[PDB]
């Protein structure tokens, strides 16, 4: 099995995360962990059992928490699935998530080809 070094993963994958941060306004709800009380959505953790956001993913890349590229992809997709689950289809967060998912799919594919 291929062993991926933490810096190899950071070099390959961090640009794909940056591409999501670069989306404005669409990344704005995703740049920090959800704070349900501050945001006035106290039911959030009743619906979303495994929160995830861009800042948490960035920290995981920085601190070598991913052994394999697919673990990174899984966390980005967790973030998207949380948003599509929690938010109504008409909402900004839902539509913004849909755009980030388009951007991410485009960015991640050539990078995954390069890592194999």
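Rigid core (definition): largest C-alpha set, two forms, superposition within 1.5 Å. Residue numbers count along the first chain shown, from 1.
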query: Between 57 to 65 and 33 to 41, larger RMS Cα displacement in 7 other deposited structures of this protein after core fit; finding: 33 to 41
query: Stretch with the greater mean C-alpha B-factor as recorded in the entry, comparing 41 to 49 against 87 to 95; finding: 41 to 49
query: Stretch exceeding the other in mean C-alpha B-factor - 17 to 25, 104 to 112; finding: 17 to 25
query: Of the residues 81, 56, 67, 63, the one carrying the largest Cα B-factor as recorded; finding: 67
